[PDB]
Every structure is written in C-alpha cells, then in structure tokens.
Amino acid sequence: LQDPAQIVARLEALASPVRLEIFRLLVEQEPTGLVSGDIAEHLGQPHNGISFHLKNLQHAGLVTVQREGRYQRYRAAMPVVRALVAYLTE
Amino acid sequence: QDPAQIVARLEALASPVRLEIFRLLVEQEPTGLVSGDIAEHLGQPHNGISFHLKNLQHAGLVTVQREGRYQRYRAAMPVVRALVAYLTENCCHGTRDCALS
Ligand SMILES: [As]
Ligand code: NA
Ligand code: NA
Ligand code: NA
C-alpha cells in the first residue's frame, strides 16, 4: 500500500536538477555511497547547500545515512527506488 | 535523453490528480480511455481532467487520438520505462550488480 502523498513527495524531491544529480550519483555509487563532501565536489556546489538538498531527499526516503561508529555515508535507498519504479510501471 | 525532459516528466507526475490519472491509464493498457471516462471514474469535472491530460501529453507521458465527442488517451509506456531506466542508469558503478528486480 503506497501512500500517493509519499509518491508525490518523492517525485517532487527528484524534480530539481541538483536533487536529481545527487540522487543519480548515489544510485551509481551503490552500495557504499558517498560522504557529503564528495557529493558536493561531483556537483561543483558548496558543501552546505548539498547538506540541505540531502535532507530534502532523506525526508522523502530516497536517500538514507549509513553510519559506522561516527563515520556517515549517504546512500540511495534502493528499496524505495524499486517501489517507485513498480508504482509507476506495474 | 535531455535532463530538462526528465525533470518535466517528474514535475508532471508530482501532482496528486495527475498521478492518479496516469496510474489509471497504466492500469488500462493497452486500450486506454476517453477523457470523459477518466473524469467519470475519478468523479471529477471533465474540464480539470482534460487539463491534467494535456500536461501529461506535453510531457510525453500520454499519447492521444481523436474519437469524436472526447479524445482517447493512453499511457506511453516506452516513455515511462525510459524515465525509470534514466533514474537507475549506471547503478553500482555501471555494473548494475544489486537487487533492481
Ligand atoms: As546496482
Ligand atoms: Na542527473
Ligand atoms: Na549509494
Ligand atoms: Na493506457
């Protein structure tokens, strides 16, 4: 049962060049993901703005933080991705 | 694919009523529906449903054919498949080595 309000918010989180780039970079970087500083470099964007965009994707569920002790890597949430693909094509 | 066409596609789908119309059309492949039937099923006035179909049509996510009184719409499933292949492209450093099925 997928909340259409959640699907909307995920598509809205994606419908921005910069958020789409972050997301697609994190898909390509599965399953280890990236520190937010490396995302910002791949984007040519200030690290602070990237942290905001990331929080927008994270609130929508499309990106999760993989934490090992204190060390945080952002990852695409592939389960939620696969569910989105199914919602739109199945 | 142009990135601007991709964002436009996501924008068209990020709309509750447009998403409901498009999922209905996906469900009704391959025959599609005339717009009046789409509005009647959703219990909405035709003027708003037609508008939202147009938006999906500009985005390329629906195809349209004349049939008198209304227009028959279909989901353009090759375009939607293309959108999801773009979102997943190069998964796992181009290997595609993770659960995508
Ligand atoms: As993968
Ligand atoms: Na991109
Ligand atoms: Na990742
Ligand atoms: Na259809």
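The chains referred to below are lettered A, B, ... by the order of the sequence lines, with proteins before strands, and numbering in each begins at 1. Counting convention: from 1, in listed order, for ligands and their atoms alike.
- Checking B:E27, B:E67, B:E29 one by one against B:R74, the salt bridge (charged side-chain N to carboxylate O under 4.0 Å, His left out) holds for a single residue, B:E29.
- Closest non-hydrogen pair, A:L14 versus B:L10, comes out as O-CD1, 3.7 Å.
- With 3.5 Å as the limit, one finds no donor-acceptor pair spanning the side chains of B:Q57 and B:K54.
- Looking only at its N/O/S atoms, B:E29 has OE2 as the one nearest to the Na ion (ligand 4).
- The two residues B:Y70 and B:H46 come nearest to each other via the heavy atoms CD2-NE2, 3.7 Å.
- At a cut-off of 3.0 Å, B:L33 does not coordinate the Na ion (ligand 4) through any N, O or S atom.
- Of all N/O/S atoms in A:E21, OE1 sits nearest the Na ion (ligand 2).
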